[PDB]
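Undergrad: my sequence and its experimental structure, below.
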Amino acid sequence: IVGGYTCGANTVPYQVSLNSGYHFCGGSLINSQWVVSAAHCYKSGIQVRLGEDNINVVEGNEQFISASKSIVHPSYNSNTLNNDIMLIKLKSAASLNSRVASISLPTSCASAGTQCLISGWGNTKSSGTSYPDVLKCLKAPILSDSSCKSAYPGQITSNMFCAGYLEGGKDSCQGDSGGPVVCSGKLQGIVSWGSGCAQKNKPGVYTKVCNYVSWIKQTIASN
Ligand SMILES: N=C(N)c1cccc(C=O)c1
Ligand SMILES: [Ca+2]
């Protein structure tokens, strides 16, 4: 997250870190056994880390649970990043409490202008490279589909939306991928892609979660 703020320990209780020997992506806990992330985050040997603030220090609220299975969206295209969504099942159910909690799925899509909270342990610099140890947060509005398409000609599908600031300086970044965009307590987006980070006229692009609620529910119901 570039241009954001320190969230505060366990203030984003649905935020997960995906770990394969090191943090490599975010995710969102959607019930005691399932995490939503980006398909582009797919790899084998994932350990889901819940209750994290400092990802380099054991602070007392962590739950580390190995993934038992991953399900990339049937229509994920890695070239265009269309349908950039994946489900991860935990080997055991997470113990839910105030600091480890699921986030609600939307029942309808969010509109341009809605303020959302975007979070992660990704790069904090738009030019350089600096990775934070503690969870970073950004409040950002959803942008109109027209401005999103104007920013990224030929690249925005109906499964994507833009959020952030066309002026630059405030954005998600490398390492935030797969993490949440939460709007009025609903998971509306997944950190998916962008051109650089926090660049002028290049806002963040997010997977449009409301399109996938049917697929998520039915997938969970049979797995
Ligand atoms: N600018 C962003 N919001 C973003 C998100 C995820 C990855 C990347 C970099 O390729 C950029
Ligand atoms: Ca920790």
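TA: That came through fine. Numbering: from 1, shown residues only. Ligands and ions are numbered 1, 2, ... in the order given.
Undergrad: per-domain residue ranges of the protein.
TA: What the record gives for the chain is the domain set 1-12+103-210, 13-102+211-222, from curated CATH domains.
Undergrad: so for the protein, the centremost residue is which one?
TA: residue 179 (1.6 Å; Cα atoms, centre = their mean).
Undergrad: can you list phi and psi of residue 128 for me?
TA: phi -90, psi -150 (degrees, to the nearest 10).
Undergrad: returning to that earlier point: distance to ligand 1 added to the domains of the chain, as CSV?
TA: All C-beta atoms are positioned from the backbone trio N, CA, C, and that covers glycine. Supplementary listing: those in CSV, determined by distance: least, Cβ to the nearest ligand atom, whole Å:
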stretch, distance to ligand 1
domain 1-12+103-210, 2
domain 13-102+211-222, 9
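Undergrad: just the ones you listed: most buried one?
TA: Ranked by mean neighbour count under mean count of other Cβ atoms under 10 Å, the domains of the chain are led by domain 1-12+103-210, which reaches a mean of 20.
Undergrad: just checking it against ligand 2, any contact.
TA: No. Contact of domain 1-12+103-210 with ligand 2 (Cβ under 5 Å from the ion) is absent, the minimum separation being 8.6 Å.
Undergrad: ok, what's across the strand from residue 115?
TA: In this entry, residue 115 is beta-bridged to residue 141, by DSSP bridges.
Undergrad: ok, it touching residue 163?
TA: No. Distance between residue 115 and residue 163: 9.4 Å, which falls outside the contact criterion (Cβ atoms under 8 Å).
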